[PDB]
Amino acid sequence: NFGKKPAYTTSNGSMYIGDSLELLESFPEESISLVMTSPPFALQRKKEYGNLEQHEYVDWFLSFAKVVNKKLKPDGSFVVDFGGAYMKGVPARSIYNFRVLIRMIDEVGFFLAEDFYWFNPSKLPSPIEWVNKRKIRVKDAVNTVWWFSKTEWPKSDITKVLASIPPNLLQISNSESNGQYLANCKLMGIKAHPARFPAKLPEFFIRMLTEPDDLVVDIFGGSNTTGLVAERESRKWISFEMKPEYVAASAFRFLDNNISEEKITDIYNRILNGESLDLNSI
Ligand SMILES: Nc1ncnc2c1ncn2[C@@H]1O[C@H](CSCC[C@H](N)C(=O)O)[C@@H](O)[C@H]1O
């Protein structure tokens with residue numbers, strides 16, 4: 001359906017290498033039930049000038065927001081994970097994650113179904129200069145996860161997420177796992193994705209807003225935790241990621257301990273070489 005061939009494919013889905021703002025267009029319209037991601041944030045993003053990173057970043061991301069509006073079903077949701085950030089050499093917060101919010105409702109026309117908040121106890125990006133050293137700010141440990149929806153009535157059922165009705169606050173930490181992806185990464189002498197989220201994050205939203213066989217898309221795949229979860233929960237998925245290293249290593253997530261190291265490198269390099277692996281069988 002897309003203008004390319006997936007890096008790899010499994011039982012319920014397939015991951016592509018490429019720019020998601022292009023690939024999204026290949027989806028029919030009102031076809032996606034849940035788009036779940038956490039955008040790449042480093043000093044702005046693709047947009048010339050350098051006017052106020054806050055604004056440049058916002059415009060960049062709003063582009064994806066626009067196309068995602070079209071492709072989401074009327075009962076569809078667009079959950080977005082954002083991490084706080086200070087500005088260069090000053091202990092004043094950037095409010096880029098909040099600017100996205102306002103312009104998404106005002107300009108794009110989304111609705112904030114509900115604002116969620118993720119507390120990750122163990123978080124290293126905590127800026128030592130302001131916290132540990134100067135002792136002027138506290139551990140930056142809460143991420144603004146915005147659950148957006150195409151209409152005021154997106155598909156949702158909190159009983160599949162029952163704790164006892166749970167709250168607005170999700171307390172999860174990145175590693176409550178060991179897994180073969182970390183091991184297989186170590187094998188290739190490569191580093192695991194620099195910034196990936198715990199499986200429980202997308203699990204919560206996959207279970208709550210979608211039913212089995214629903215299409216869960218992730219426009220900034222990374223290590224593909226989403227597709228992984230969407231797989232073991234029996235939803236259909238599709239992920240887009242720009243970097244081949246990330247896609248290649250992510251494939252490991254869909255294998256077992258019982259695989260020759262010689263076969264792992266083959267899978268890694270073949271994907272890194274542009275081949276289309278059908279992981280469903282060898
Ligand atoms: N325009 C683009 N299209 C597709 N992927 C993109 C992109 N711009 C940035 N990316 C990818 O966006 C990812 C953001 S981090 C993704 C982490 C993911 N949730 C997981 O747990 O790993 C980064 O890997 C970045 O390389």
# chains A, B, ... in the order shown; residues from 1 in each chain; ligands from 1
>>> select_by_dssp(residues="region 14-110 of chain A", states="strand (DSSP E)", output="list in words")
residues 14, 15, 16, 17, 32, 33, 34, 35, 36, 37, 72, 73, 74, 75, 76, 77, 78, 79, 80, 81, 82, 86, 87, 90, 91, 92 and 93 of chain A
>>> residues_around(residues="region 254-263 of chain A", least_positions_apart="2", cutoff="8 Å", atoms="only C-alpha atoms", output="PyMOL selection string")
chain A and resi 10+180+187+228+250-252+265-267+279
>>> closest_residue(among="A:245, A:275, A:30, A:53", to="ligand 1", atoms="only C-alpha atoms and all ligand atoms")
A:245
>>> closest_atom_pairs(of="chain A", to="ligand 1", cutoff="10 Å", atoms="only C-alpha atoms and all ligand atoms", output="tab-separated table")
residue	atom	partner	partner_atom_place_in_ligand_line	distance
A:16	CA	ligand 1	4 (C)	9.0
A:17	CA	ligand 1	4 (C)	7.5
A:18	CA	ligand 1	4 (C)	5.8
A:19	CA	ligand 1	3 (N)	3.9
A:20	CA	ligand 1	3 (N)	4.2
A:21	CA	ligand 1	1 (N)	6.3
A:22	CA	ligand 1	3 (N)	8.5
A:23	CA	ligand 1	3 (N)	8.7
A:24	CA	ligand 1	3 (N)	9.8
A:36	CA	ligand 1	19 (N)	8.3
A:37	CA	ligand 1	19 (N)	5.6
A:38	CA	ligand 1	19 (N)	5.3
A:39	CA	ligand 1	14 (C)	4.7
A:40	CA	ligand 1	14 (C)	3.8
A:41	CA	ligand 1	14 (C)	7.5
A:45	CA	ligand 1	8 (N)	8.4
A:46	CA	ligand 1	1 (N)	8.6
A:60	CA	ligand 1	1 (N)	9.1
A:61	CA	ligand 1	1 (N)	9.0
A:64	CA	ligand 1	1 (N)	8.6
A:80	CA	ligand 1	19 (N)	9.8
A:81	CA	ligand 1	19 (N)	8.3
A:174	CA	ligand 1	21 (O)	9.5
A:192	CA	ligand 1	22 (O)	9.0
A:193	CA	ligand 1	22 (O)	6.1
A:194	CA	ligand 1	15 (S)	8.0
A:195	CA	ligand 1	15 (S)	5.7
A:196	CA	ligand 1	21 (O)	3.3
A:197	CA	ligand 1	21 (O)	4.3
A:198	CA	ligand 1	21 (O)	6.9
A:199	CA	ligand 1	21 (O)	7.8
A:201	CA	ligand 1	19 (N)	9.4
A:202	CA	ligand 1	19 (N)	8.7
A:218	CA	ligand 1	19 (N)	7.9
A:219	CA	ligand 1	4 (C)	5.8
A:220	CA	ligand 1	12 (O)	3.7
A:221	CA	ligand 1	18 (C)	5.1
A:222	CA	ligand 1	22 (O)	3.6
A:223	CA	ligand 1	22 (O)	3.6
A:224	CA	ligand 1	20 (C)	5.2
A:225	CA	ligand 1	21 (O)	4.9
A:226	CA	ligand 1	19 (N)	6.9
A:227	CA	ligand 1	20 (C)	9.6
A:228	CA	ligand 1	21 (O)	9.8
A:239	CA	ligand 1	4 (C)	8.6
A:240	CA	ligand 1	4 (C)	5.3
A:241	CA	ligand 1	5 (N)	3.5
A:242	CA	ligand 1	5 (N)	4.2
A:243	CA	ligand 1	26 (O)	5.5
A:244	CA	ligand 1	26 (O)	9.0
A:245	CA	ligand 1	24 (O)	9.3
A:246	CA	ligand 1	24 (O)	6.5
A:247	CA	ligand 1	24 (O)	8.7
A:250	CA	ligand 1	22 (O)	8.2
>>> write_last_selection(atoms="C-alpha atoms", output="PDB file, in the first residue's frame")
ATOM      1  CA  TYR A  16       9.064   0.653   7.088  1.00  0.00           C
ATOM      2  CA  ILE A  17      12.192   2.821   6.826  1.00  0.00           C
ATOM      3  CA  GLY A  18      11.383   6.363   5.710  1.00  0.00           C
ATOM      4  CA  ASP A  19       9.778   9.725   6.324  1.00  0.00           C
ATOM      5  CA  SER A  20       6.391   9.272   8.015  1.00  0.00           C
ATOM      6  CA  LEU A  21       4.978  12.579   6.683  1.00  0.00           C
ATOM      7  CA  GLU A  22       5.118  10.922   3.234  1.00  0.00           C
ATOM      8  CA  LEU A  23       4.232   7.385   4.136  1.00  0.00           C
ATOM      9  CA  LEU A  24       1.093   8.477   6.067  1.00  0.00           C
ATOM     10  CA  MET A  36       0.680   6.190  19.314  1.00  0.00           C
ATOM     11  CA  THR A  37       4.111   7.897  19.424  1.00  0.00           C
ATOM     12  CA  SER A  38       6.587  10.002  21.321  1.00  0.00           C
ATOM     13  CA  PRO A  39       8.350  12.449  18.896  1.00  0.00           C
ATOM     14  CA  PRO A  40      12.152  12.922  18.596  1.00  0.00           C
ATOM     15  CA  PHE A  41      13.062  16.075  20.539  1.00  0.00           C
ATOM     16  CA  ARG A  45      13.512  20.005  14.264  1.00  0.00           C
ATOM     17  CA  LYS A  46      13.472  20.260  10.421  1.00  0.00           C
ATOM     18  CA  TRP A  60       7.264  20.674  12.098  1.00  0.00           C
ATOM     19  CA  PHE A  61       5.122  18.459  14.283  1.00  0.00           C
ATOM     20  CA  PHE A  64       2.232  15.286  10.920  1.00  0.00           C
ATOM     21  CA  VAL A  80       1.518  11.688  21.903  1.00  0.00           C
ATOM     22  CA  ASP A  81       4.380  11.341  24.464  1.00  0.00           C
ATOM     23  CA  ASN A 174      11.807   2.041  31.512  1.00  0.00           C
ATOM     24  CA  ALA A 192      20.089   0.256  22.033  1.00  0.00           C
ATOM     25  CA  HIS A 193      17.775   3.153  21.083  1.00  0.00           C
ATOM     26  CA  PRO A 194      18.888   6.263  23.092  1.00  0.00           C
ATOM     27  CA  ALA A 195      15.327   7.182  24.026  1.00  0.00           C
ATOM     28  CA  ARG A 196      12.586   4.507  24.080  1.00  0.00           C
ATOM     29  CA  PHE A 197       9.557   4.078  26.364  1.00  0.00           C
ATOM     30  CA  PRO A 198       8.496   1.111  28.602  1.00  0.00           C
ATOM     31  CA  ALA A 199       6.086  -1.410  27.008  1.00  0.00           C
ATOM     32  CA  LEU A 201       2.947   2.809  28.208  1.00  0.00           C
ATOM     33  CA  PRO A 202       1.564   1.888  24.809  1.00  0.00           C
ATOM     34  CA  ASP A 218       3.499   4.591  15.302  1.00  0.00           C
ATOM     35  CA  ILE A 219       4.982   7.392  13.187  1.00  0.00           C
ATOM     36  CA  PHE A 220       8.389   7.582  14.986  1.00  0.00           C
ATOM     37  CA  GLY A 221       8.969   3.878  15.598  1.00  0.00           C
ATOM     38  CA  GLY A 222      12.410   3.894  17.153  1.00  0.00           C
ATOM     39  CA  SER A 223      12.855   0.480  18.725  1.00  0.00           C
ATOM     40  CA  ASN A 224       9.218  -0.384  17.812  1.00  0.00           C
ATOM     41  CA  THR A 225       7.965  -1.056  21.333  1.00  0.00           C
ATOM     42  CA  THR A 226       4.501  -0.207  19.998  1.00  0.00           C
ATOM     43  CA  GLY A 227       4.338  -2.761  17.238  1.00  0.00           C
ATOM     44  CA  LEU A 228       5.761  -5.240  19.743  1.00  0.00           C
ATOM     45  CA  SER A 239       5.522   1.636  12.136  1.00  0.00           C
ATOM     46  CA  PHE A 240       7.652   4.189  10.306  1.00  0.00           C
ATOM     47  CA  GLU A 241      11.216   5.085  11.345  1.00  0.00           C
ATOM     48  CA  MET A 242      13.854   7.075   9.506  1.00  0.00           C
ATOM     49  CA  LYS A 243      17.049   5.387  10.766  1.00  0.00           C
ATOM     50  CA  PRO A 244      17.872   1.858   9.463  1.00  0.00           C
ATOM     51  CA  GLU A 245      19.865   0.976  12.599  1.00  0.00           C
ATOM     52  CA  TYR A 246      16.790   1.440  14.724  1.00  0.00           C
ATOM     53  CA  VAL A 247      14.560  -0.628  12.458  1.00  0.00           C
ATOM     54  CA  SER A 250      13.998  -3.509  16.551  1.00  0.00           C
TER      55      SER A 250
END
>>> closest_residue(among="A:59, A:152, A:25, A:233", to="residue 47 (chain A)", atoms="only C-alpha atoms")
A:59
>>> residues_around(residues="residue 35 (chain A)", least_positions_apart="4", cutoff="9 Å", atoms="only C-alpha atoms", output="compact mmCIF listing (two decimals) with N, CA, C and O atoms, in the first residue's frame")
# COMPACT_ATOMS: atom_id res chain seq x y z
N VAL A 68 -2.40 13.09 10.12
CA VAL A 68 -2.95 12.07 11.02
C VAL A 68 -4.43 12.31 11.30
O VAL A 68 -5.18 11.36 11.56
N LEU A 72 -7.18 9.19 10.64
CA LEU A 72 -7.79 8.55 11.80
C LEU A 72 -9.29 8.36 11.61
O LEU A 72 -9.95 9.21 11.00
N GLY A 76 -11.25 7.49 16.30
CA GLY A 76 -9.82 7.31 16.49
C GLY A 76 -9.13 8.28 17.42
O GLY A 76 -9.59 9.40 17.62
N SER A 77 -8.00 7.83 17.98
CA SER A 77 -7.20 8.62 18.90
C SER A 77 -5.75 8.77 18.47
O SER A 77 -5.18 7.89 17.82
N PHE A 78 -5.15 9.88 18.88
CA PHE A 78 -3.76 10.22 18.59
C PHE A 78 -3.10 10.59 19.92
O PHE A 78 -3.20 11.73 20.37
N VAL A 79 -2.50 9.59 20.59
CA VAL A 79 -1.81 9.76 21.88
C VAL A 79 -0.33 10.07 21.58
O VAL A 79 0.35 9.32 20.86
N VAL A 80 0.17 11.18 22.15
CA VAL A 80 1.52 11.69 21.90
C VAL A 80 2.35 11.86 23.18
O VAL A 80 1.94 12.60 24.06
N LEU A 215 -6.03 -1.38 13.81
CA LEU A 215 -4.74 -0.89 13.31
C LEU A 215 -4.11 0.22 14.20
O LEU A 215 -4.62 1.36 14.26
N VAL A 216 -3.00 -0.12 14.86
CA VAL A 216 -2.21 0.77 15.74
C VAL A 216 -0.97 1.23 14.97
O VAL A 216 -0.10 0.42 14.67
N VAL A 217 -0.88 2.51 14.62
CA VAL A 217 0.28 3.01 13.88
C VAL A 217 1.21 3.80 14.81
O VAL A 217 0.77 4.33 15.84
N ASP A 218 2.52 3.82 14.51
CA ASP A 218 3.50 4.59 15.30
C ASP A 218 4.39 5.32 14.30
O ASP A 218 5.22 4.71 13.64
N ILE A 219 4.22 6.63 14.18
CA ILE A 219 4.98 7.39 13.19
C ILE A 219 6.47 7.74 13.44
O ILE A 219 7.10 8.39 12.61
>>> closest_atom_pairs(of="region 42-145 of chain A", to="region 161-171 of chain A", cutoff="8 Å", atoms="only C-alpha atoms", output="CSV")
residue,atom,partner,partner_atom,distance
A:115,CA,A:168,CA,7.3
A:116,CA,A:168,CA,5.2
A:117,CA,A:169,CA,5.0
A:118,CA,A:170,CA,4.9
A:119,CA,A:171,CA,4.8
A:120,CA,A:171,CA,6.3
A:121,CA,A:171,CA,7.8
>>> write_last_selection(atoms="N, CA, C and O atoms", output="PDB file, in the first residue's frame")
ATOM      1  N   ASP A 115      -5.938  14.662  29.391  1.00  0.00           N
ATOM      2  CA  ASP A 115      -4.512  14.856  29.543  1.00  0.00           C
ATOM      3  C   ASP A 115      -3.987  13.780  30.493  1.00  0.00           C
ATOM      4  O   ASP A 115      -4.523  13.642  31.594  1.00  0.00           O
ATOM      5  N   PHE A 116      -2.961  13.029  30.072  1.00  0.00           N
ATOM      6  CA  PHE A 116      -2.350  11.979  30.910  1.00  0.00           C
ATOM      7  C   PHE A 116      -0.965  12.422  31.390  1.00  0.00           C
ATOM      8  O   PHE A 116      -0.343  13.273  30.745  1.00  0.00           O
ATOM      9  N   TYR A 117      -0.438  11.806  32.453  1.00  0.00           N
ATOM     10  CA  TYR A 117       0.884  12.178  32.973  1.00  0.00           C
ATOM     11  C   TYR A 117       1.671  10.947  33.394  1.00  0.00           C
ATOM     12  O   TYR A 117       1.230  10.201  34.273  1.00  0.00           O
ATOM     13  N   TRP A 118       2.852  10.761  32.799  1.00  0.00           N
ATOM     14  CA  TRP A 118       3.733   9.609  33.066  1.00  0.00           C
ATOM     15  C   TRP A 118       4.916   9.929  33.970  1.00  0.00           C
ATOM     16  O   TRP A 118       5.821  10.680  33.600  1.00  0.00           O
ATOM     17  N   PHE A 119       4.901   9.311  35.145  1.00  0.00           N
ATOM     18  CA  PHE A 119       5.941   9.457  36.157  1.00  0.00           C
ATOM     19  C   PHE A 119       6.956   8.309  36.040  1.00  0.00           C
ATOM     20  O   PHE A 119       6.643   7.148  36.359  1.00  0.00           O
ATOM     21  N   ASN A 120       8.146   8.635  35.528  1.00  0.00           N
ATOM     22  CA  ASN A 120       9.245   7.674  35.359  1.00  0.00           C
ATOM     23  C   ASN A 120      10.262   7.963  36.438  1.00  0.00           C
ATOM     24  O   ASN A 120      11.166   8.761  36.257  1.00  0.00           O
ATOM     25  N   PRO A 121      10.175   7.241  37.546  1.00  0.00           N
ATOM     26  CA  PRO A 121      11.082   7.419  38.680  1.00  0.00           C
ATOM     27  C   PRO A 121      12.562   7.498  38.291  1.00  0.00           C
ATOM     28  O   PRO A 121      13.284   8.406  38.711  1.00  0.00           O
TER      29      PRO A 121
END
>>> residues_around(residues="residue 94 (chain A)", least_positions_apart="4", cutoff="6 Å", atoms="only C-alpha atoms", output="number ranges by chain")
A: 85-87
>>> atom_distance(atom1="CA of residue 65 (chain A)", atom2="CA of residue 27 (chain A)")
14.4 Å
>>> atom_distance(atom1="CA of residue 182 (chain A)", atom2="CA of residue 143 (chain A)")
24.0 Å
>>> residues_around(residues="residue 14 (chain A)", least_positions_apart="5", cutoff="9 Å", atoms="only C-alpha atoms", output="PyMOL selection string")
chain A and resi 6-9+227+236-239+278
>>> write_last_selection(atoms="C-alpha atoms", output="PDB file, in the first residue's frame")
ATOM      1  CA  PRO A   6       8.752  -3.003   4.746  1.00  0.00           C
ATOM      2  CA  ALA A   7      12.119  -3.582   6.374  1.00  0.00           C
ATOM      3  CA  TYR A   8      10.565  -6.648   8.053  1.00  0.00           C
ATOM      4  CA  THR A   9       7.133  -8.223   8.548  1.00  0.00           C
ATOM      5  CA  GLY A 227       4.338  -2.761  17.238  1.00  0.00           C
ATOM      6  CA  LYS A 236      -2.623  -4.952  13.570  1.00  0.00           C
ATOM      7  CA  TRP A 237       0.245  -2.466  13.403  1.00  0.00           C
ATOM      8  CA  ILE A 238       2.496  -0.423  11.113  1.00  0.00           C
ATOM      9  CA  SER A 239       5.522   1.636  12.136  1.00  0.00           C
ATOM     10  CA  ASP A 278       9.393 -11.803   6.289  1.00  0.00           C
TER      11      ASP A 278
END
>>> atom_distance(atom1="CA of residue 44 (chain A)", atom2="CA of residue 114 (chain A)")
25.7 Å
>>> select_by_dssp(residues="region 15-178 of chain A", states="alpha helix (DSSP H)", output="count of residues only")
31
>>> closest_residue(among="A:234, A:107, A:15, A:126", to="residue 248 (chain A)", atoms="only C-alpha atoms")
A:15
>>> closest_residue(among="A:173, A:148, A:203, A:142", to="residue 101 (chain A)", atoms="only C-alpha atoms")
A:148
>>> closest_residue(among="A:32, A:249, A:112, A:230", to="residue 70 (chain A)", atoms="only C-alpha atoms")
A:32
>>> closest_residue(among="A:110, A:56, A:4, A:91", to="residue 131 (chain A)", atoms="only C-alpha atoms")
A:91
